[PDB]
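Engineer: First, the structure itself, so that you have it in front of you.
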Amino acid sequence: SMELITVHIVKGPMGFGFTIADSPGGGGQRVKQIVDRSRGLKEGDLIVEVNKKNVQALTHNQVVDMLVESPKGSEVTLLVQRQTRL
Ligand SMILES: [Zn+2]
Ligand SMILES: [Zn+2]
């Protein structure tokens with residue numbers, strides 16, 4: 001089933017440890033790859049919010065720049081939609 005999950009990720013010296021790309025259904029960005037830190041995130045997670053604010057209407061470049069600009073050593077929260085069917 002589709003669940004909403006809050007995940008906390010501390011930005012490390014090498015970044016947050018994941019990559020994103022556009023959702024085929026147009027509801028935002030999905031987690032493309034977990035390059036790592038991002039322990040509660042999963043590939044395919046739809047990013048619905050960053051720091052409790054909705055980001056579904058933002059483009060790929062906008063979400064990326066939001067993460068890039070987030071300060072060194074600070075945490076970001078993400079609300080994600082995840083298919084939890086095993
Ligand atoms: Zn936290
Ligand atoms: Zn990109």
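By convention here, the chains of the structure tokens are called A, B, ... in the order presented, each chain's residues are numbered starting at 1, and ligands are numbered starting at 1 in the order presented.
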Find the residues around residue 1 in chain A up to 6 Å (only C-alpha atoms counted), leave out those fewer than 3 positions away in its own chain, and share them as a list in words.

Structural biologist: residues 83, 84 and 85 of chain A

Engineer: Please check which protein, DNA or RNA residues sit within 12 Å of ligand 2, counting only C-alpha atoms and all ligand atoms, and write them as a PyMOL selection string.

Structural biologist: chain A and resi 18-22+29-33+59-68

Engineer: Can you write just those residues out, N, CA, C and O atoms, as a compact mmCIF listing (two decimals), in the first residue's frame?

Structural biologist:
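Once written, again.txt looks like this:
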# COMPACT_ATOMS: atom_id res chain seq x y z
N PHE A 18 22.20 10.40 -1.89
CA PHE A 18 21.21 9.89 -2.85
C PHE A 18 21.01 10.83 -4.04
O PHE A 18 21.36 12.01 -4.00
N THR A 19 20.42 10.28 -5.09
CA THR A 19 20.14 10.97 -6.35
C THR A 19 18.62 10.92 -6.62
O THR A 19 17.92 10.01 -6.13
N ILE A 20 18.10 11.87 -7.40
CA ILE A 20 16.66 11.94 -7.71
C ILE A 20 16.43 12.10 -9.20
O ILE A 20 17.36 12.52 -9.93
N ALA A 21 15.21 11.80 -9.66
CA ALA A 21 14.78 12.01 -11.04
C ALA A 21 13.26 12.15 -11.10
O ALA A 21 12.60 11.82 -10.14
N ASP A 22 12.72 12.63 -12.23
CA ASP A 22 11.26 12.91 -12.39
C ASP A 22 10.38 11.67 -12.25
O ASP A 22 10.73 10.63 -12.79
N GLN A 29 9.59 14.39 -7.76
CA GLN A 29 10.84 13.63 -7.91
C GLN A 29 10.84 12.34 -7.12
O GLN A 29 10.41 12.30 -5.97
N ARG A 30 11.38 11.30 -7.72
CA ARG A 30 11.59 10.05 -7.02
C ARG A 30 13.05 9.86 -6.75
O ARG A 30 13.89 10.36 -7.50
N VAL A 31 13.36 9.15 -5.67
CA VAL A 31 14.72 8.78 -5.32
C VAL A 31 15.21 7.76 -6.37
O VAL A 31 14.67 6.66 -6.48
N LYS A 32 16.21 8.17 -7.14
CA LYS A 32 16.73 7.35 -8.23
C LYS A 32 17.68 6.29 -7.68
O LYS A 32 17.49 5.08 -7.88
N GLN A 33 18.72 6.75 -6.98
CA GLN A 33 19.70 5.85 -6.41
C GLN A 33 20.14 6.29 -5.03
O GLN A 33 20.31 7.47 -4.77
N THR A 59 10.45 21.49 -10.07
CA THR A 59 11.09 20.71 -11.10
C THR A 59 12.30 20.01 -10.50
O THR A 59 12.74 20.27 -9.36
N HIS A 60 12.87 19.14 -11.32
CA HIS A 60 14.06 18.44 -10.91
C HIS A 60 15.13 19.41 -10.46
O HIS A 60 15.71 19.20 -9.42
N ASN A 61 15.41 20.42 -11.28
CA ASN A 61 16.52 21.37 -11.02
C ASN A 61 16.30 22.18 -9.74
O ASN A 61 17.24 22.49 -8.98
N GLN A 62 15.05 22.48 -9.48
CA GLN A 62 14.68 23.19 -8.28
C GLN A 62 14.90 22.37 -7.03
O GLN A 62 15.33 22.90 -6.03
N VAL A 63 14.49 21.10 -7.05
CA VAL A 63 14.70 20.26 -5.90
C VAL A 63 16.16 20.03 -5.69
O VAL A 63 16.66 20.12 -4.57
N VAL A 64 16.92 19.81 -6.77
CA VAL A 64 18.34 19.61 -6.60
C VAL A 64 19.04 20.83 -5.95
O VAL A 64 19.87 20.66 -5.06
N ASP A 65 18.70 22.02 -6.41
CA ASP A 65 19.32 23.23 -5.92
C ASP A 65 18.93 23.46 -4.46
O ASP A 65 19.72 23.93 -3.69
N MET A 66 17.70 23.10 -4.09
CA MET A 66 17.26 23.18 -2.68
C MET A 66 18.19 22.31 -1.76
O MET A 66 18.64 22.76 -0.70
N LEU A 67 18.50 21.08 -2.19
CA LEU A 67 19.38 20.18 -1.44
C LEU A 67 20.83 20.68 -1.44
O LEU A 67 21.49 20.66 -0.41
N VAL A 68 21.31 21.13 -2.60
CA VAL A 68 22.65 21.68 -2.71
C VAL A 68 22.89 22.83 -1.76
O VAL A 68 23.92 22.88 -1.10

Engineer: Using only C-alpha atoms and all ligand atoms, determine which residues fall within 12 Å of ligand 1, then list them as a list in words.

Structural biologist: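 For ligand 1, the residues inside 12 Å are residues 6, 7, 8, 9, 10, 11, 38, 40, 51, 73, 74, 75, 76, 77 and 78 of chain A.
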
Engineer: Those same residues, written as an mmCIF file, in the first residue's frame with N, CA, C and O atoms?

Structural biologist:
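Everything below was put into selection14.cif:
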data_model
loop_
_atom_site.group_PDB
_atom_site.id
_atom_site.type_symbol
_atom_site.label_atom_id
_atom_site.label_comp_id
_atom_site.auth_asym_id
_atom_site.auth_seq_id
_atom_site.Cartn_x
_atom_site.Cartn_y
_atom_site.Cartn_z
ATOM 1 N N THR A 6 8.172 10.001 7.003
ATOM 2 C CA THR A 6 9.141 11.052 7.257
ATOM 3 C C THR A 6 10.518 10.407 7.463
ATOM 4 O O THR A 6 10.674 9.448 8.206
ATOM 5 N N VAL A 7 11.494 10.902 6.718
ATOM 6 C CA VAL A 7 12.884 10.443 6.826
ATOM 7 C C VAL A 7 13.775 11.647 7.127
ATOM 8 O O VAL A 7 13.692 12.651 6.458
ATOM 9 N N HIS A 8 14.644 11.513 8.133
ATOM 10 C CA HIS A 8 15.612 12.564 8.516
ATOM 11 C C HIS A 8 16.972 12.176 7.983
ATOM 12 O O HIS A 8 17.370 11.050 8.174
ATOM 13 N N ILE A 9 17.647 13.100 7.301
ATOM 14 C CA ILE A 9 18.952 12.855 6.688
ATOM 15 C C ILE A 9 19.857 14.026 6.996
ATOM 16 O O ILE A 9 19.524 15.182 6.693
ATOM 17 N N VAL A 10 20.976 13.718 7.632
ATOM 18 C CA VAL A 10 22.012 14.688 7.950
ATOM 19 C C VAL A 10 22.906 14.778 6.736
ATOM 20 O O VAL A 10 23.331 13.759 6.194
ATOM 21 N N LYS A 11 23.161 15.997 6.268
ATOM 22 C CA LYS A 11 24.049 16.185 5.140
ATOM 23 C C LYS A 11 25.501 16.022 5.582
ATOM 24 O O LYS A 11 26.003 16.812 6.374
ATOM 25 N N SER A 38 21.581 7.920 4.359
ATOM 26 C CA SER A 38 20.198 7.987 3.920
ATOM 27 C C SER A 38 19.461 6.727 4.345
ATOM 28 O O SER A 38 18.696 6.178 3.565
ATOM 29 N N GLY A 40 16.953 5.516 6.077
ATOM 30 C CA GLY A 40 15.529 5.253 5.972
ATOM 31 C C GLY A 40 14.904 5.544 4.613
ATOM 32 O O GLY A 40 13.699 5.412 4.466
ATOM 33 N N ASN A 51 11.500 19.525 4.450
ATOM 34 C CA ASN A 51 11.340 20.346 5.644
ATOM 35 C C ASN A 51 9.869 20.790 5.847
ATOM 36 O O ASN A 51 9.558 21.945 6.166
ATOM 37 N N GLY A 73 26.324 19.964 7.215
ATOM 38 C CA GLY A 73 26.135 19.415 8.541
ATOM 39 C C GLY A 73 24.725 19.557 9.097
ATOM 40 O O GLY A 73 24.447 19.053 10.175
ATOM 41 N N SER A 74 23.834 20.214 8.355
ATOM 42 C CA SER A 74 22.443 20.364 8.775
ATOM 43 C C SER A 74 21.593 19.192 8.299
ATOM 44 O O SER A 74 21.948 18.484 7.358
ATOM 45 N N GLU A 75 20.480 18.990 8.975
ATOM 46 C CA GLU A 75 19.531 17.967 8.577
ATOM 47 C C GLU A 75 18.463 18.545 7.684
ATOM 48 O O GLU A 75 18.059 19.684 7.847
ATOM 49 N N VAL A 76 17.978 17.693 6.793
ATOM 50 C CA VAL A 76 16.798 17.895 6.008
ATOM 51 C C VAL A 76 15.797 16.805 6.446
ATOM 52 O O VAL A 76 16.183 15.708 6.844
ATOM 53 N N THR A 77 14.518 17.145 6.444
ATOM 54 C CA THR A 77 13.444 16.132 6.528
ATOM 55 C C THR A 77 12.757 16.048 5.189
ATOM 56 O O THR A 77 12.583 17.037 4.496
ATOM 57 N N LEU A 78 12.418 14.819 4.826
ATOM 58 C CA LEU A 78 11.678 14.528 3.645
ATOM 59 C C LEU A 78 10.412 13.775 4.042
ATOM 60 O O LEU A 78 10.472 12.824 4.799
#

Engineer: So which residues of range 12-77 of chain A fall under strand (DSSP E) by DSSP, listed as a list in words?

Structural biologist: residues 19, 20, 21, 22, 29, 30, 31, 32, 33, 46, 47, 48, 49, 50, 53, 54, 75, 76 and 77 of chain A

Engineer: Would you mind exporting N, CA, C and O atoms of the selected residues as a PDB file, in the first residue's frame?

Structural biologist:
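File written: result-v6.pdb
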ATOM      1  N   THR A  19      20.417  10.282  -5.091  1.00  0.00           N
ATOM      2  CA  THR A  19      20.143  10.972  -6.349  1.00  0.00           C
ATOM      3  C   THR A  19      18.621  10.923  -6.616  1.00  0.00           C
ATOM      4  O   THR A  19      17.915  10.014  -6.134  1.00  0.00           O
ATOM      5  N   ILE A  20      18.104  11.873  -7.396  1.00  0.00           N
ATOM      6  CA  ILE A  20      16.665  11.942  -7.710  1.00  0.00           C
ATOM      7  C   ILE A  20      16.431  12.100  -9.201  1.00  0.00           C
ATOM      8  O   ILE A  20      17.362  12.524  -9.929  1.00  0.00           O
ATOM      9  N   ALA A  21      15.213  11.800  -9.657  1.00  0.00           N
ATOM     10  CA  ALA A  21      14.776  12.008 -11.038  1.00  0.00           C
ATOM     11  C   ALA A  21      13.260  12.152 -11.098  1.00  0.00           C
ATOM     12  O   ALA A  21      12.602  11.818 -10.142  1.00  0.00           O
ATOM     13  N   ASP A  22      12.718  12.631 -12.225  1.00  0.00           N
ATOM     14  CA  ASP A  22      11.263  12.913 -12.386  1.00  0.00           C
ATOM     15  C   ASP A  22      10.379  11.668 -12.249  1.00  0.00           C
ATOM     16  O   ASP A  22      10.728  10.625 -12.789  1.00  0.00           O
ATOM     17  N   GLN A  29       9.595  14.385  -7.764  1.00  0.00           N
ATOM     18  CA  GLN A  29      10.842  13.628  -7.908  1.00  0.00           C
ATOM     19  C   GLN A  29      10.844  12.339  -7.121  1.00  0.00           C
ATOM     20  O   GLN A  29      10.405  12.296  -5.974  1.00  0.00           O
ATOM     21  N   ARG A  30      11.384  11.298  -7.717  1.00  0.00           N
ATOM     22  CA  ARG A  30      11.586  10.046  -7.019  1.00  0.00           C
ATOM     23  C   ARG A  30      13.054   9.857  -6.753  1.00  0.00           C
ATOM     24  O   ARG A  30      13.891  10.361  -7.500  1.00  0.00           O
ATOM     25  N   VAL A  31      13.358   9.150  -5.675  1.00  0.00           N
ATOM     26  CA  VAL A  31      14.722   8.777  -5.318  1.00  0.00           C
ATOM     27  C   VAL A  31      15.209   7.763  -6.366  1.00  0.00           C
ATOM     28  O   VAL A  31      14.672   6.656  -6.483  1.00  0.00           O
ATOM     29  N   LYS A  32      16.209   8.172  -7.141  1.00  0.00           N
ATOM     30  CA  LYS A  32      16.728   7.345  -8.230  1.00  0.00           C
ATOM     31  C   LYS A  32      17.682   6.289  -7.679  1.00  0.00           C
ATOM     32  O   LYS A  32      17.489   5.083  -7.881  1.00  0.00           O
ATOM     33  N   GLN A  33      18.716   6.745  -6.984  1.00  0.00           N
ATOM     34  CA  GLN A  33      19.703   5.851  -6.409  1.00  0.00           C
ATOM     35  C   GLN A  33      20.144   6.289  -5.030  1.00  0.00           C
ATOM     36  O   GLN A  33      20.309   7.475  -4.772  1.00  0.00           O
ATOM     37  N   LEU A  46       8.720   8.656  -3.669  1.00  0.00           N
ATOM     38  CA  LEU A  46       8.305   9.943  -4.171  1.00  0.00           C
ATOM     39  C   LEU A  46       8.523  10.996  -3.075  1.00  0.00           C
ATOM     40  O   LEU A  46       7.988  10.872  -1.981  1.00  0.00           O
ATOM     41  N   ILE A  47       9.304  12.030  -3.383  1.00  0.00           N
ATOM     42  CA  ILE A  47       9.487  13.166  -2.456  1.00  0.00           C
ATOM     43  C   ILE A  47       8.294  14.087  -2.501  1.00  0.00           C
ATOM     44  O   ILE A  47       8.072  14.764  -3.503  1.00  0.00           O
ATOM     45  N   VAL A  48       7.544  14.137  -1.403  1.00  0.00           N
ATOM     46  CA  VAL A  48       6.315  14.983  -1.354  1.00  0.00           C
ATOM     47  C   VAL A  48       6.683  16.305  -0.690  1.00  0.00           C
ATOM     48  O   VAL A  48       6.218  17.331  -1.105  1.00  0.00           O
ATOM     49  N   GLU A  49       7.502  16.275   0.348  1.00  0.00           N
ATOM     50  CA  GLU A  49       7.907  17.497   1.087  1.00  0.00           C
ATOM     51  C   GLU A  49       9.402  17.474   1.388  1.00  0.00           C
ATOM     52  O   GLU A  49       9.975  16.432   1.525  1.00  0.00           O
ATOM     53  N   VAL A  50      10.020  18.658   1.503  1.00  0.00           N
ATOM     54  CA  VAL A  50      11.332  18.911   2.081  1.00  0.00           C
ATOM     55  C   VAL A  50      11.080  19.905   3.245  1.00  0.00           C
ATOM     56  O   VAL A  50      10.456  20.962   3.035  1.00  0.00           O
ATOM     57  N   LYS A  53       7.469  21.225   3.837  1.00  0.00           N
ATOM     58  CA  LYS A  53       6.912  22.086   2.862  1.00  0.00           C
ATOM     59  C   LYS A  53       6.732  21.274   1.576  1.00  0.00           C
ATOM     60  O   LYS A  53       7.627  20.593   1.113  1.00  0.00           O
ATOM     61  N   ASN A  54       5.589  21.376   0.923  1.00  0.00           N
ATOM     62  CA  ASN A  54       5.392  20.583  -0.291  1.00  0.00           C
ATOM     63  C   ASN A  54       6.322  21.019  -1.435  1.00  0.00           C
ATOM     64  O   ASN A  54       6.456  22.210  -1.687  1.00  0.00           O
ATOM     65  N   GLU A  75      20.480  18.990   8.975  1.00  0.00           N
ATOM     66  CA  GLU A  75      19.531  17.967   8.577  1.00  0.00           C
ATOM     67  C   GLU A  75      18.463  18.545   7.684  1.00  0.00           C
ATOM     68  O   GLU A  75      18.059  19.684   7.847  1.00  0.00           O
ATOM     69  N   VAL A  76      17.978  17.693   6.793  1.00  0.00           N
ATOM     70  CA  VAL A  76      16.798  17.895   6.008  1.00  0.00           C
ATOM     71  C   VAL A  76      15.797  16.805   6.446  1.00  0.00           C
ATOM     72  O   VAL A  76      16.183  15.708   6.844  1.00  0.00           O
ATOM     73  N   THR A  77      14.518  17.145   6.444  1.00  0.00           N
ATOM     74  CA  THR A  77      13.444  16.132   6.528  1.00  0.00           C
ATOM     75  C   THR A  77      12.757  16.048   5.189  1.00  0.00           C
ATOM     76  O   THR A  77      12.583  17.037   4.496  1.00  0.00           O
TER      77      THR A  77
END

Engineer: Taking into account only C-alpha atoms, which residue in the set A:86, A:81, A:28, A:43 is nearest to residue 2 in chain A?

Structural biologist: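 Closest candidate: A:81.
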
Engineer: Grab the CA of residue 14 in chain A to CA of residue 52 in chain A distance for me, in Å with one decimal place.

Structural biologist: 23.8 Å

Engineer: Could you tell me how far CA of residue 55 in chain A sits from CA of residue 16 in chain A, in Å to one decimal place?

Structural biologist: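 Answer for the CA of residue 16 in chain A to CA of residue 55 in chain A separation: 17.5 Å.
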
Engineer: Hey, what does DSSP flag as alpha helix (DSSP H) within chain A? Can you give it to me as a PyMOL selection string?

Structural biologist: chain A and resi 60-69

Engineer: Now that the selection is made, can you save its residues with N, CA and C atoms as a PDB file, in the first residue's frame?

Structural biologist:
ATOM      1  N   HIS A  60      12.867  19.145 -11.322  1.00  0.00           N
ATOM      2  CA  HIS A  60      14.060  18.445 -10.912  1.00  0.00           C
ATOM      3  C   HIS A  60      15.128  19.412 -10.464  1.00  0.00           C
ATOM      4  N   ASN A  61      15.414  20.421 -11.284  1.00  0.00           N
ATOM      5  CA  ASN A  61      16.515  21.373 -11.024  1.00  0.00           C
ATOM      6  C   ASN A  61      16.297  22.182  -9.745  1.00  0.00           C
ATOM      7  N   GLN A  62      15.052  22.478  -9.479  1.00  0.00           N
ATOM      8  CA  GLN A  62      14.685  23.195  -8.279  1.00  0.00           C
ATOM      9  C   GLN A  62      14.899  22.374  -7.028  1.00  0.00           C
ATOM     10  N   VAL A  63      14.493  21.101  -7.047  1.00  0.00           N
ATOM     11  CA  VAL A  63      14.703  20.258  -5.898  1.00  0.00           C
ATOM     12  C   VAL A  63      16.164  20.031  -5.691  1.00  0.00           C
ATOM     13  N   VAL A  64      16.915  19.814  -6.766  1.00  0.00           N
ATOM     14  CA  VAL A  64      18.342  19.607  -6.605  1.00  0.00           C
ATOM     15  C   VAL A  64      19.036  20.829  -5.954  1.00  0.00           C
ATOM     16  N   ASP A  65      18.704  22.019  -6.413  1.00  0.00           N
ATOM     17  CA  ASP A  65      19.321  23.230  -5.924  1.00  0.00           C
ATOM     18  C   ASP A  65      18.926  23.462  -4.463  1.00  0.00           C
ATOM     19  N   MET A  66      17.699  23.100  -4.088  1.00  0.00           N
ATOM     20  CA  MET A  66      17.263  23.184  -2.676  1.00  0.00           C
ATOM     21  C   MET A  66      18.194  22.308  -1.755  1.00  0.00           C
ATOM     22  N   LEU A  67      18.501  21.082  -2.188  1.00  0.00           N
ATOM     23  CA  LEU A  67      19.383  20.178  -1.443  1.00  0.00           C
ATOM     24  C   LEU A  67      20.828  20.677  -1.438  1.00  0.00           C
ATOM     25  N   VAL A  68      21.309  21.127  -2.605  1.00  0.00           N
ATOM     26  CA  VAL A  68      22.647  21.677  -2.710  1.00  0.00           C
ATOM     27  C   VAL A  68      22.895  22.833  -1.760  1.00  0.00           C
ATOM     28  N   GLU A  69      21.946  23.744  -1.663  1.00  0.00           N
ATOM     29  CA  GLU A  69      22.083  24.958  -0.874  1.00  0.00           C
ATOM     30  C   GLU A  69      21.900  24.709   0.646  1.00  0.00           C
TER      31      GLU A  69
END
